[PDB]
Amino acid sequence: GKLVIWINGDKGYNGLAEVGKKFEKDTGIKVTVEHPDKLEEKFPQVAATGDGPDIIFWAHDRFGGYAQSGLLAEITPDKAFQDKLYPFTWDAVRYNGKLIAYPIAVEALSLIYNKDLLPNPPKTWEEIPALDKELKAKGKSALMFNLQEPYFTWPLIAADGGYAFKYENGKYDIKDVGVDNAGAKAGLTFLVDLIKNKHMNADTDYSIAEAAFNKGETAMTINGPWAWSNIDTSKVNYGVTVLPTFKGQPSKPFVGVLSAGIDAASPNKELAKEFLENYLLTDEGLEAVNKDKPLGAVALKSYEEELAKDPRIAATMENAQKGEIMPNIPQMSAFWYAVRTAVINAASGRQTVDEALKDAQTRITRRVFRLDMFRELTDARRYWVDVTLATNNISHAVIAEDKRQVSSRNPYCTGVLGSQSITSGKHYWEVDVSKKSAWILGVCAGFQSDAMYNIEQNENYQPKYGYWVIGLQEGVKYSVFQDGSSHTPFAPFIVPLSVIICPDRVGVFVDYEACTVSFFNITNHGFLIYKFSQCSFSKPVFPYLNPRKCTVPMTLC
Ligand SMILES: OC[C@H]1O[C@H](O[C@H]2[C@H](O)[C@@H](O)[C@@H](O)O[C@@H]2CO)[C@H](O)[C@@H](O)[C@@H]1O
């Protein structure tokens, strides 16, 4: 019987505590609100060890990562409760068909301006440079906001067409990432120009922007609802308006639903539900918090209706309508981290915009960072790539909707390739074969259907026909599929591979420039199993995976 809640320092924690206090009054169990630094990164660490907060408050996008990691408990709330909050907020906090958090509030960056200093807010980004030069000649600046966090710079970047993950056919494609497109390069390019024109300074952080604006030294800032409190403290005449256009288009700011998740390890899930459902998520409760620091537009229809009266909230909503509510998938933290780095590198001059985004994009797209072993092996792992299988049909093998493993069917071609292709560089990935009777693992340059008919089913894989692969048969017989003699085209030359230990996991390493494809026995200290060398790479080449009608999954990595 206790509750520990974690919430950001930006947010109105004290207001929340007041809610905690009333909950304690009624039920006599203590509630503690803690607002620790970088709680978003800390939470997985502590929670996993068994001691983490019972309840955590953050924007929805992370929560997928948490949920996948199994740190979040599912929530059982009744149909009638669900009705009280908007269904789109619920969707934000839905992962793999399960609700993982309670939605609380909807937060969107707004353009905030000092009315006394500036009569009319800029409709366009492009006018702002002229304005700031006008303003400098009075010891003041046009615009200051946190450049360190990509949350604040994303809206401009997305304006002309930058995007994180392509959503199509009802699903986010983690591979189709638009950080490196024309639109994104255009947006970031404008910003770097502002910095090098001395209009804005690359170091400006949250505190700097906020201090400057509150002290009326800058005409504009960019921020969410939580910030309105401090500006009220400063007695500044301010408006909250729509973000300016870039290349004639709306700034598209990612929209967050502040959400309350329940630690999977919490002994007090039962208490947590009531607190959230019956105490916080009520007119009384949100008011408490909102009076401390503004929540934005709340999820609770009851109270939000009274909030919509505030013109500032309307402005928040207008910017949200122009933007996109964040994805909640696990890759969001890669996205963010990559963009965080690209922004500062470009603004500090340590990289060109075009570099920064190619860096950031490959980082997100392929090179995901998601001893006592063979040195070559550890070397190869340095180049490790994330791989998802591409569904192209039919081969009769089943693939998990995660696109990360494949097995056969009970009911003769079952063979599958990696979604992404290879034309340059070094790629490493691992495949879990454990507990499988048979399989073929290797690098496949394509089905090459119509190239010549046969290989798919009669299982002749020969480098000459573009298959560099090794195989398991009958539980303990391992083979390399080297290419055969001229007359014998149909059958591959099969070489007994001597493996001392059945590998539960195998590592495939492609150095495209080298024309080398190497196989490592992860189970057995990463020793080399086989290496195809001097192999013709005339074509893009993809990872190959064949269950070999095993009926047991081959999982990637
Ligand atoms: O900056 C990357 C960051 O963006 C979002 O964080 C926001 C948060 O949603 C707001 O509520 C407020 O506190 O500002 C934050 C940025 O300073 C994402 O929610 C977060 O996961 C991501 O790291």
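What counts, and at which threshold
- Residues numbered from 1 in each chain as written, not as in the entry; some residues may be left out.
- Heavy atoms only, no water.
- Near = heavy atom within 4 Å.
- Polar contact = N/O pair within 3.5 Å; in protein donor to acceptor, adjacent residues only side chain to side chain.
- Areas by Shrake-Rupley, 256 points an atom, 1.4 Å probe, with all protein chains shown as cover.
- Helix = DSSP H or I, 4+ residues; strand = E, 2+ residues; numbered from the N terminus.
- Contact = heavy atoms within 4.5 Å.
- Pairing = 2+ DSSP bridges.
- Axes fitted to C-alpha atoms, helices over the stretch in contact; angles between N-to-C directions.

Caption draft 1: Summary view of the site of the ligand. Contacts to the ligand come from 14 residues, most closely from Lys11, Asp61, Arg62, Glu107 and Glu149. Between the ligand and the protein, one listed contact pairs an oxygen atom with a side-chain N or O atom of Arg62 at 3.0 Å. A distance of 2.4 Å separates an oxygen atom of the ligand from a polar side-chain atom of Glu107. For the ligand, the protein covers 93% of the area, taking 470 Å² as the surface of the free molecule. Elements with a contribution of two residues or more to the shell around the ligand: strand 3 (55–59) and helix 7 (150–159). Per-element accounting of the shell around the ligand gives the leading share, 3 residues, to helix 7.

Caption draft 2: Looking closely at the environment of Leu243. Here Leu243 is to be found in the loop between strand 12 (238–241) and strand 13 (245–246). Along the backbone, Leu243 and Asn290 are 47 residues apart, and their C-alpha atoms lie at a distance of 23 Å. Apart from the residues within four sequence positions on either side, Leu243 is in contact with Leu109, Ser110, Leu111, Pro155, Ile222, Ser251, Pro253 and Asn319.

Caption draft 3: Structural detail: the sheet that holds strand 12. Taken in spatial order, the 4 strands of this open sheet run 8-11-7-12, and their pairing is mixed. Both edges of this open sheet fall to strand 8 (141–143) and strand 12, since each of them pairs with a single strand only. Across this sheet, the average inter-strand angle for adjacent strands is 20 degrees, counted without regard to direction. Judged from the 4 bridges that link them, strand 7 (residues 110–114) and strand 11 (residues 218–223) form a sheet pairing that is antiparallel. Across the sheet, the residue bridging to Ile112 is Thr221, located in strand 11. Each of strand 7, strand 11 and strand 12 is contacted by helix 9 (residues 206–214), which is oriented at about 135 degrees to strand 11, the strand it contacts most.

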